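**Q** This is run25.tsv (TSV, N, CA, C and O atoms (P, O5', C5', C4', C3', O3' and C1' of nucleotides)).
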```
chain	number	residue	atom	x	y	z
A	83	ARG	N	-19.58	-11.18	9.34
A	83	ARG	CA	-18.20	-11.00	8.89
A	83	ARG	C	-17.52	-9.74	9.45
A	83	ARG	O	-18.14	-9.00	10.22
A	84	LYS	N	-16.25	-9.52	9.07
A	84	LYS	CA	-15.43	-8.39	9.52
A	84	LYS	C	-15.79	-7.07	8.81
A	84	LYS	O	-16.30	-7.10	7.69
A	85	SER	N	-15.53	-5.94	9.47
A	85	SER	CA	-15.77	-4.58	9.00
A	85	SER	C	-14.49	-3.74	9.15
A	85	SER	O	-13.61	-4.09	9.95
A	86	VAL	N	-14.35	-2.69	8.36
A	86	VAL	CA	-13.14	-1.87	8.40
A	86	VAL	C	-13.10	-1.04	9.70
A	86	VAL	O	-14.04	-0.26	9.96
A	87	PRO	N	-12.05	-1.22	10.55
A	87	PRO	CA	-11.99	-0.45	11.80
A	87	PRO	C	-11.99	1.05	11.57
A	87	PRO	O	-11.54	1.54	10.53
A	88	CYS	N	-12.56	1.75	12.52
A	88	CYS	CA	-12.78	3.19	12.53
A	88	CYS	C	-11.60	4.11	12.14
A	88	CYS	O	-10.57	4.13	12.81
A	89	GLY	N	-11.80	4.87	11.06
A	89	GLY	CA	-10.80	5.78	10.54
A	89	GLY	C	-9.78	5.14	9.60
A	89	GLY	O	-8.99	5.85	8.98
A	90	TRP	N	-9.78	3.79	9.50
A	90	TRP	CA	-8.89	3.03	8.61
A	90	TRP	C	-9.54	2.83	7.26
A	90	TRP	O	-10.77	2.92	7.14
A	91	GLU	N	-8.72	2.53	6.26
A	91	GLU	CA	-9.17	2.18	4.92
A	91	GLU	C	-8.60	0.79	4.57
A	91	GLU	O	-7.46	0.49	4.91
A	92	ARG	N	-9.40	-0.05	3.92
A	92	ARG	CA	-9.02	-1.36	3.42
A	92	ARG	C	-8.99	-1.25	1.90
A	92	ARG	O	-9.97	-0.81	1.29
A	93	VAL	N	-7.84	-1.57	1.29
A	93	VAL	CA	-7.69	-1.49	-0.17
A	93	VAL	C	-7.44	-2.88	-0.70
A	93	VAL	O	-6.50	-3.52	-0.27
A	94	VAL	N	-8.29	-3.34	-1.60
A	94	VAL	CA	-8.16	-4.66	-2.23
A	94	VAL	C	-7.81	-4.44	-3.68
A	94	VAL	O	-8.47	-3.65	-4.36
A	95	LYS	N	-6.77	-5.13	-4.16
A	95	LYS	CA	-6.32	-5.06	-5.54
A	95	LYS	C	-6.08	-6.45	-6.10
A	95	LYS	O	-5.45	-7.29	-5.46
A	96	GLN	N	-6.63	-6.71	-7.27
A	96	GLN	CA	-6.50	-8.00	-7.95
A	96	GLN	C	-5.37	-7.92	-9.00
A	96	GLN	O	-5.33	-6.98	-9.78
A	97	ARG	N	-4.45	-8.90	-8.97
A	97	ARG	CA	-3.34	-9.01	-9.93
A	97	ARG	C	-3.89	-9.39	-11.31
A	97	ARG	O	-4.82	-10.19	-11.42
A	98	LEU	N	-3.31	-8.82	-12.37
A	98	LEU	CA	-3.80	-9.02	-13.73
A	98	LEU	C	-2.90	-9.83	-14.65
A	98	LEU	O	-3.39	-10.44	-15.61
A	99	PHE	N	-1.60	-9.83	-14.38
A	99	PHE	CA	-0.65	-10.58	-15.20
A	99	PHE	C	0.25	-11.47	-14.32
A	99	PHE	O	0.09	-11.49	-13.09
A	100	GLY	N	1.17	-12.18	-14.96
A	100	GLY	CA	2.13	-13.07	-14.32
A	100	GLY	C	1.55	-14.37	-13.79
A	100	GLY	O	0.39	-14.68	-14.04
A	101	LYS	N	2.38	-15.14	-13.04
A	101	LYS	CA	1.98	-16.42	-12.44
A	101	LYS	C	0.83	-16.25	-11.44
A	101	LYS	O	-0.14	-17.01	-11.50
A	102	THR	N	0.94	-15.22	-10.56
A	102	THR	CA	-0.02	-14.86	-9.52
A	102	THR	C	-1.27	-14.10	-10.01
A	102	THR	O	-2.06	-13.62	-9.17
A	103	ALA	N	-1.46	-13.98	-11.34
A	103	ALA	CA	-2.63	-13.34	-11.95
A	103	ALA	C	-3.91	-14.01	-11.42
A	103	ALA	O	-4.04	-15.24	-11.50
A	104	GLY	N	-4.80	-13.20	-10.84
A	104	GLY	CA	-6.05	-13.66	-10.23
A	104	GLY	C	-6.07	-13.51	-8.72
A	104	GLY	O	-7.15	-13.49	-8.12
A	105	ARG	N	-4.87	-13.39	-8.10
A	105	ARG	CA	-4.65	-13.23	-6.67
A	105	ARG	C	-5.07	-11.85	-6.22
A	105	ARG	O	-5.03	-10.90	-7.00
A	106	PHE	N	-5.47	-11.73	-4.96
A	106	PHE	CA	-5.82	-10.45	-4.38
A	106	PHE	C	-4.82	-10.07	-3.31
A	106	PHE	O	-4.37	-10.92	-2.53
A	107	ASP	N	-4.53	-8.76	-3.23
A	107	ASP	CA	-3.71	-8.16	-2.17
A	107	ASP	C	-4.59	-7.22	-1.43
A	107	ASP	O	-5.33	-6.45	-2.04
A	108	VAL	N	-4.54	-7.32	-0.11
A	108	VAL	CA	-5.27	-6.48	0.82
A	108	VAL	C	-4.22	-5.71	1.60
A	108	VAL	O	-3.29	-6.31	2.14
A	109	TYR	N	-4.38	-4.40	1.67
A	109	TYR	CA	-3.53	-3.54	2.48
A	109	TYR	C	-4.41	-2.56	3.22
A	109	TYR	O	-5.52	-2.30	2.77
A	110	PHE	N	-3.95	-2.07	4.38
A	110	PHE	CA	-4.70	-1.11	5.21
A	110	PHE	C	-3.95	0.19	5.42
A	110	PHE	O	-2.76	0.17	5.70
A	111	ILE	N	-4.67	1.32	5.29
A	111	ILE	CA	-4.14	2.67	5.56
A	111	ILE	C	-4.76	3.17	6.88
A	111	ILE	O	-5.98	3.29	7.00
A	112	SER	N	-3.90	3.44	7.88
A	112	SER	CA	-4.29	3.95	9.20
A	112	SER	C	-4.86	5.36	9.09
A	112	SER	O	-4.56	6.03	8.09
A	113	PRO	N	-5.65	5.88	10.09
A	113	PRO	CA	-6.14	7.27	9.97
A	113	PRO	C	-5.02	8.32	9.85
A	113	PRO	O	-5.27	9.43	9.37
A	114	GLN	N	-3.78	7.94	10.25
A	114	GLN	CA	-2.57	8.78	10.18
A	114	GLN	C	-1.82	8.63	8.85
A	114	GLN	O	-0.82	9.31	8.63
A	115	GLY	N	-2.30	7.73	7.98
A	115	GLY	CA	-1.75	7.47	6.65
A	115	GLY	C	-0.72	6.36	6.53
A	115	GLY	O	-0.15	6.19	5.45
A	116	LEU	N	-0.48	5.59	7.61
A	116	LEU	CA	0.53	4.52	7.57
A	116	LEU	C	0.04	3.29	6.79
A	116	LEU	O	-1.04	2.79	7.09
A	117	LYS	N	0.82	2.83	5.78
A	117	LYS	CA	0.42	1.68	4.96
A	117	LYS	C	0.92	0.31	5.49
A	117	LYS	O	2.12	0.12	5.65
A	118	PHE	N	-0.02	-0.63	5.75
A	118	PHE	CA	0.23	-1.99	6.27
A	118	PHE	C	-0.20	-3.07	5.30
A	118	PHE	O	-1.34	-3.07	4.84
A	119	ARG	N	0.70	-4.06	5.07
A	119	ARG	CA	0.58	-5.20	4.14
A	119	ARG	C	0.41	-6.56	4.83
A	119	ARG	O	0.16	-7.55	4.15
A	120	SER	N	0.62	-6.62	6.15
A	120	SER	CA	0.50	-7.85	6.92
A	120	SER	C	-0.19	-7.66	8.27
A	120	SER	O	-0.05	-6.60	8.89
A	121	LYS	N	-0.92	-8.70	8.73
A	121	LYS	CA	-1.61	-8.69	10.02
A	121	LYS	C	-0.59	-8.66	11.16
A	121	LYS	O	-0.89	-8.10	12.22
A	122	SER	N	0.60	-9.25	10.96
A	122	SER	CA	1.71	-9.30	11.91
A	122	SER	C	2.20	-7.89	12.21
A	122	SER	O	2.08	-7.45	13.37
A	123	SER	N	2.68	-7.15	11.17
A	123	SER	CA	3.16	-5.76	11.27
A	123	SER	C	2.11	-4.83	11.87
A	123	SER	O	2.47	-3.88	12.57
A	124	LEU	N	0.83	-5.09	11.58
A	124	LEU	CA	-0.30	-4.31	12.09
A	124	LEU	C	-0.48	-4.57	13.60
A	124	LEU	O	-0.53	-3.61	14.38
A	125	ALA	N	-0.56	-5.88	13.99
A	125	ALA	CA	-0.71	-6.32	15.39
A	125	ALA	C	0.45	-5.78	16.24
A	125	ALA	O	0.27	-5.47	17.41
A	126	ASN	N	1.64	-5.65	15.60
A	126	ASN	CA	2.88	-5.13	16.17
A	126	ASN	C	2.71	-3.64	16.50
A	126	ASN	O	2.95	-3.24	17.64
A	127	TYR	N	2.22	-2.85	15.52
A	127	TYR	CA	1.96	-1.41	15.65
A	127	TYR	C	0.92	-1.13	16.74
A	127	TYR	O	1.15	-0.25	17.58
A	128	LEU	N	-0.21	-1.86	16.73
A	128	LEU	CA	-1.29	-1.71	17.71
A	128	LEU	C	-0.80	-1.89	19.13
A	128	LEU	O	-1.17	-1.11	20.01
A	129	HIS	N	0.07	-2.90	19.35
A	129	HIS	CA	0.69	-3.22	20.64
A	129	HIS	C	1.53	-2.04	21.17
A	129	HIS	O	1.27	-1.57	22.28
A	130	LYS	N	2.50	-1.53	20.37
A	130	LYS	CA	3.39	-0.40	20.69
A	130	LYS	C	2.67	0.92	21.02
A	130	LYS	O	3.19	1.72	21.80
A	131	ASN	N	1.47	1.14	20.43
A	131	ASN	CA	0.65	2.34	20.60
A	131	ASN	C	-0.40	2.27	21.72
A	131	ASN	O	-1.06	3.27	22.03
A	132	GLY	N	-0.51	1.11	22.36
A	132	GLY	CA	-1.40	0.88	23.48
A	132	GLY	C	-2.87	0.79	23.12
A	132	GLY	O	-3.71	1.38	23.81
A	133	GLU	N	-3.19	0.02	22.05
A	133	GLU	CA	-4.57	-0.17	21.62
A	133	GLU	C	-5.31	-1.12	22.57
A	133	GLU	O	-4.81	-2.20	22.88
A	134	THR	N	-6.49	-0.69	23.06
A	134	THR	CA	-7.33	-1.47	23.98
A	134	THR	C	-8.66	-1.86	23.35
A	134	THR	O	-9.38	-2.67	23.94
A	135	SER	N	-8.97	-1.29	22.16
A	135	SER	CA	-10.23	-1.51	21.45
A	135	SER	C	-10.10	-2.31	20.14
A	135	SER	O	-10.81	-3.32	19.97
A	136	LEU	N	-9.20	-1.87	19.22
A	136	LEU	CA	-8.98	-2.54	17.94
A	136	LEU	C	-8.05	-3.71	18.15
A	136	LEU	O	-6.96	-3.55	18.69
A	137	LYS	N	-8.51	-4.89	17.75
A	137	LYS	CA	-7.76	-6.14	17.87
A	137	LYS	C	-7.28	-6.58	16.47
A	137	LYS	O	-7.95	-6.26	15.48
A	138	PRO	N	-6.15	-7.33	16.33
A	138	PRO	CA	-5.72	-7.74	14.99
A	138	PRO	C	-6.68	-8.66	14.21
A	138	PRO	O	-6.58	-8.76	12.99
A	139	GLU	N	-7.64	-9.28	14.92
A	139	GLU	CA	-8.68	-10.12	14.33
A	139	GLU	C	-9.76	-9.25	13.62
A	139	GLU	O	-10.54	-9.78	12.82
A	140	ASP	N	-9.79	-7.92	13.91
A	140	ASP	CA	-10.73	-6.94	13.35
A	140	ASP	C	-10.39	-6.50	11.91
A	140	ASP	O	-11.24	-5.92	11.24
A	141	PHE	N	-9.15	-6.77	11.47
A	141	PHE	CA	-8.61	-6.42	10.16
A	141	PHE	C	-8.54	-7.66	9.27
A	141	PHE	O	-7.67	-8.50	9.46
A	142	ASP	N	-9.47	-7.80	8.32
A	142	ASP	CA	-9.53	-8.95	7.41
A	142	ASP	C	-8.49	-8.86	6.30
A	142	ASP	O	-8.57	-7.98	5.44
A	143	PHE	N	-7.55	-9.80	6.28
A	143	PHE	CA	-6.55	-9.88	5.22
A	143	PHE	C	-6.92	-10.87	4.08
A	143	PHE	O	-6.14	-11.05	3.14
A	144	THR	N	-8.14	-11.47	4.16
A	144	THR	CA	-8.68	-12.42	3.17
A	144	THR	C	-9.69	-11.70	2.28
A	144	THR	O	-10.46	-10.86	2.76
A	145	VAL	N	-9.69	-12.04	0.97
A	145	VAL	CA	-10.57	-11.46	-0.05
A	145	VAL	C	-11.28	-12.55	-0.83
A	145	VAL	O	-12.26	-13.09	-0.34
B	1	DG	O5'	1.03	-31.38	-4.98
B	1	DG	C5'	-0.36	-31.49	-4.69
B	1	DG	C4'	-0.91	-30.21	-4.06
B	1	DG	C3'	-0.79	-28.91	-4.84
B	1	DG	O3'	-2.06	-28.30	-4.76
B	1	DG	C1'	0.09	-28.60	-2.65
B	2	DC	P	-2.51	-26.93	-5.44
B	2	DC	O5'	-2.28	-25.83	-4.31
B	2	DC	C5'	-3.14	-25.52	-3.21
B	2	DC	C4'	-2.45	-24.45	-2.39
B	2	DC	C3'	-2.13	-23.15	-3.14
B	2	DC	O3'	-2.49	-22.03	-2.32
B	2	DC	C1'	-0.20	-23.92	-2.09
B	3	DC	P	-3.79	-21.15	-2.62
B	3	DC	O5'	-3.92	-20.16	-1.36
B	3	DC	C5'	-3.86	-20.54	0.02
B	3	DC	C4'	-2.83	-19.72	0.78
B	3	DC	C3'	-2.72	-18.23	0.45
B	3	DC	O3'	-2.44	-17.51	1.64
B	3	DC	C1'	-0.62	-19.18	0.23
B	4	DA	P	-3.51	-16.84	2.62
B	4	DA	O5'	-2.66	-16.93	4.00
B	4	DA	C5'	-2.71	-16.03	5.13
B	4	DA	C4'	-1.32	-15.84	5.76
B	4	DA	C3'	-0.91	-14.37	5.96
B	4	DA	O3'	-0.58	-13.84	7.35
B	4	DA	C1'	0.55	-15.50	4.34
B	5	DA	P	-0.01	-12.38	7.88
B	5	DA	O5'	1.47	-12.41	7.31
B	5	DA	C5'	2.39	-13.39	7.73
B	5	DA	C4'	3.71	-13.11	7.06
B	5	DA	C3'	4.08	-11.63	7.02
B	5	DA	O3'	5.37	-11.46	7.59
B	5	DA	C1'	4.23	-12.63	4.86
B	6	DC	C1'	7.43	-10.40	2.89
B	6	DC	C3'	9.04	-9.70	4.35
B	6	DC	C4'	8.29	-10.89	4.92
B	6	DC	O3'	10.11	-10.30	3.71
B	6	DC	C5'	7.90	-10.79	6.38
B	6	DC	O5'	6.95	-9.76	6.61
B	6	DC	P	5.98	-10.00	7.85
B	7	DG	P	11.57	-9.69	3.69
B	7	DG	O5'	12.00	-10.14	2.22
B	7	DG	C5'	11.82	-11.45	1.65
B	7	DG	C4'	12.05	-11.37	0.16
B	7	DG	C3'	13.02	-10.27	-0.26
B	7	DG	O3'	14.09	-10.80	-1.04
B	7	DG	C1'	10.95	-9.98	-1.39
B	8	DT	P	15.19	-9.88	-1.77
B	8	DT	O5'	14.48	-9.59	-3.16
B	8	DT	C5'	14.07	-10.68	-3.99
B	8	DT	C4'	13.67	-10.20	-5.37
B	8	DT	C3'	14.64	-9.23	-6.03
B	8	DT	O3'	14.77	-9.69	-7.35
B	8	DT	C1'	12.48	-8.25	-5.93
B	9	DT	P	15.83	-9.12	-8.39
B	9	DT	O5'	14.92	-8.19	-9.30
B	9	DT	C5'	13.92	-8.63	-10.20
B	9	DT	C4'	13.22	-7.41	-10.77
B	9	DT	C3'	14.16	-6.30	-11.22
B	9	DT	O3'	13.74	-5.86	-12.48
B	9	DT	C1'	12.59	-5.41	-9.74
B	10	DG	P	14.59	-6.17	-13.80
B	10	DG	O5'	13.57	-5.71	-14.93
B	10	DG	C5'	12.20	-6.15	-14.96
B	10	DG	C4'	11.23	-4.99	-15.20
B	10	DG	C3'	11.56	-4.00	-16.31
B	10	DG	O3'	10.36	-3.74	-17.03
B	10	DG	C1'	11.39	-2.84	-14.24
B	11	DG	P	10.28	-2.99	-18.44
B	11	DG	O5'	9.54	-1.60	-18.09
B	11	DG	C5'	8.60	-1.44	-17.00
B	11	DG	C4'	8.58	-0.01	-16.47
B	11	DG	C3'	9.04	1.09	-17.41
B	11	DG	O3'	8.06	2.14	-17.46
B	11	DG	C1'	10.18	1.28	-15.36
B	12	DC	P	8.05	3.25	-18.61
B	12	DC	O5'	9.22	4.24	-18.15
B	12	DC	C5'	9.15	5.65	-17.88
B	12	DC	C4'	8.73	5.95	-16.45
B	12	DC	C3'	9.10	7.36	-16.01
B	12	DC	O3'	7.92	8.10	-15.74
B	12	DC	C1'	9.95	5.71	-14.43
C	1	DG	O5'	20.23	7.09	-3.21
C	1	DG	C5'	19.62	6.94	-4.51
C	1	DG	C4'	18.09	6.90	-4.45
C	1	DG	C3'	17.45	5.85	-3.55
C	1	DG	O3'	16.37	6.47	-2.82
C	1	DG	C1'	16.71	5.53	-5.79
C	2	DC	P	15.42	5.78	-1.72
C	2	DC	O5'	13.99	5.71	-2.44
C	2	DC	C5'	13.32	6.91	-2.81
C	2	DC	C4'	12.13	6.62	-3.72
C	2	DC	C3'	11.03	5.79	-3.07
C	2	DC	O3'	9.74	6.47	-3.16
C	2	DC	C1'	11.76	4.75	-5.08
C	3	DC	P	8.41	6.01	-2.37
C	3	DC	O5'	7.75	4.96	-3.39
C	3	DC	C5'	7.10	5.34	-4.61
C	3	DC	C4'	6.65	4.12	-5.40
C	3	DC	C3'	5.75	3.12	-4.67
C	3	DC	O3'	4.65	2.74	-5.50
C	3	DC	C1'	7.59	2.00	-5.57
C	4	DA	P	3.15	3.14	-5.08
C	4	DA	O5'	2.21	2.36	-6.12
C	4	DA	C5'	2.03	2.55	-7.54
C	4	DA	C4'	1.88	1.21	-8.30
C	4	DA	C3'	0.94	0.12	-7.71
C	4	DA	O3'	-0.04	-0.62	-8.57
C	4	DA	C1'	3.25	-0.60	-7.75
C	5	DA	P	-0.84	-2.04	-8.30
C	5	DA	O5'	-0.11	-3.13	-9.24
C	5	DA	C5'	0.34	-2.86	-10.58
C	5	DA	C4'	1.52	-3.72	-11.00
C	5	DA	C3'	1.46	-5.18	-10.58
C	5	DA	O3'	0.73	-5.91	-11.53
C	5	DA	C1'	3.60	-4.30	-10.12
C	6	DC	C1'	4.20	-9.39	-9.55
C	6	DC	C3'	3.12	-10.77	-11.15
C	6	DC	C4'	3.32	-9.37	-11.72
C	6	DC	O3'	4.19	-11.56	-11.62
C	6	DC	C5'	2.05	-8.66	-12.19
C	6	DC	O5'	1.23	-8.34	-11.07
C	6	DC	P	0.04	-7.27	-11.09
C	7	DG	P	4.42	-13.12	-11.37
C	7	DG	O5'	5.70	-13.05	-10.41
C	7	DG	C5'	6.96	-12.46	-10.76
C	7	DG	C4'	8.04	-12.85	-9.74
C	7	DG	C3'	8.15	-14.34	-9.44
C	7	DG	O3'	9.52	-14.73	-9.35
C	7	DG	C1'	7.63	-13.16	-7.43
C	8	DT	P	9.96	-16.24	-9.07
C	8	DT	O5'	10.07	-16.25	-7.47
C	8	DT	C5'	10.99	-15.42	-6.74
C	8	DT	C4'	11.02	-15.77	-5.26
C	8	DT	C3'	11.09	-17.25	-4.98
C	8	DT	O3'	12.11	-17.44	-4.00
C	8	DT	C1'	9.28	-16.37	-3.78
C	9	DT	P	12.70	-18.89	-3.73
C	9	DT	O5'	11.87	-19.34	-2.44
C	9	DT	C5'	12.02	-18.63	-1.20
C	9	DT	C4'	11.01	-19.09	-0.18
C	9	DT	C3'	10.89	-20.60	0.02
C	9	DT	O3'	10.94	-20.91	1.42
C	9	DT	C1'	8.78	-19.67	-0.36
C	10	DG	P	12.26	-21.50	2.11
C	10	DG	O5'	11.89	-21.40	3.65
C	10	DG	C5'	11.57	-20.14	4.26
C	10	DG	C4'	10.43	-20.35	5.24
C	10	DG	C3'	10.51	-21.59	6.12
C	10	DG	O3'	10.12	-21.23	7.44
C	10	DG	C1'	8.57	-21.70	4.75
C	11	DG	P	10.11	-22.20	8.71
C	11	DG	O5'	8.56	-22.43	9.05
C	11	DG	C5'	7.44	-21.56	8.74
C	11	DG	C4'	6.18	-22.36	8.44
C	11	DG	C3'	6.02	-23.70	9.17
C	11	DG	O3'	4.67	-23.89	9.63
C	11	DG	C1'	5.84	-24.07	6.88
C	12	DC	P	4.28	-23.74	11.18
C	12	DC	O5'	2.73	-24.15	11.18
C	12	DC	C5'	1.73	-23.31	10.61
C	12	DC	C4'	0.93	-24.03	9.54
C	12	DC	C3'	0.26	-25.34	9.95
C	12	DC	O3'	-1.13	-25.15	10.12
C	12	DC	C1'	1.18	-25.44	7.76
```
Re-express the file's structure as C-alpha cells.

**A**
Amino acid sequence: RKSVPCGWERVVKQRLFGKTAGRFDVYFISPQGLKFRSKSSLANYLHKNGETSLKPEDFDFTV
DNA sequence: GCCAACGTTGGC
DNA sequence: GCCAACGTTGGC
C-alpha cells in the first residue's frame, strides 16, 4: 500500500454527527505547512514546483 | 446509488 | 471575518 511522502503529514478525521457521520476526511500538510484537501489541487501544486520524484499517486486520499 | 472534490455555515 | 465542523452534488 501507499506511504506518507517525505516531510509531509497525512491527517485522517472521522465525522461524528450529521448525515455524513461515519465518513473520513483525509488532508495533507506539506513540509512548508501548506494544507491540501484534494489530489487535484495537490497534483497541481507539484506540477508548478517542478516535482520529479513525488507523484500524485503517492498521496492516498482513501481511508 | 453514492462519493471525490469542493461548498457552506454556526459559532466563536 | 475566519475556519473545523458537516453539506452538496456531478458524474462515474

**Q** If the cut-off is 8 Å, can you tell me the residues of chain A near chain C, counting only C-alpha atoms (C1' of nucleotides)? I'd like them as a list in words.

**A** residues 97, 99, 100, 101 and 102 of chain A

**Q** For the structure I just gave you, how does DSSP split chain A - specifically, which residues are strand (DSSP E)? Reply as JSON, numbers by chain.

**A** {"A": [91, 92, 93, 94, 95, 96, 106, 107, 108, 109, 110, 111, 117, 118]}

**Q** Quick one, how far is CA of residue 109 (chain A) from CA of residue 88 (chain A)?

**A** 15.2 Å

**Q** Tell me, as a PyMOL selection string, which residues lie within 8 Å of residue 115 (chain A), counting all atoms listed in the file; anything in the same chain fewer than 4 positions away does not count.

**A** chain A and resi 89+110-111

**Q** Between atom O of residue 136 (chain A) and atom O of residue 124 (chain A), what is the distance in Å, rounded to a tenth?

**A**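 Between atom O of residue 136 (chain A) and atom O of residue 124 (chain A) the gap is 7.7 Å.
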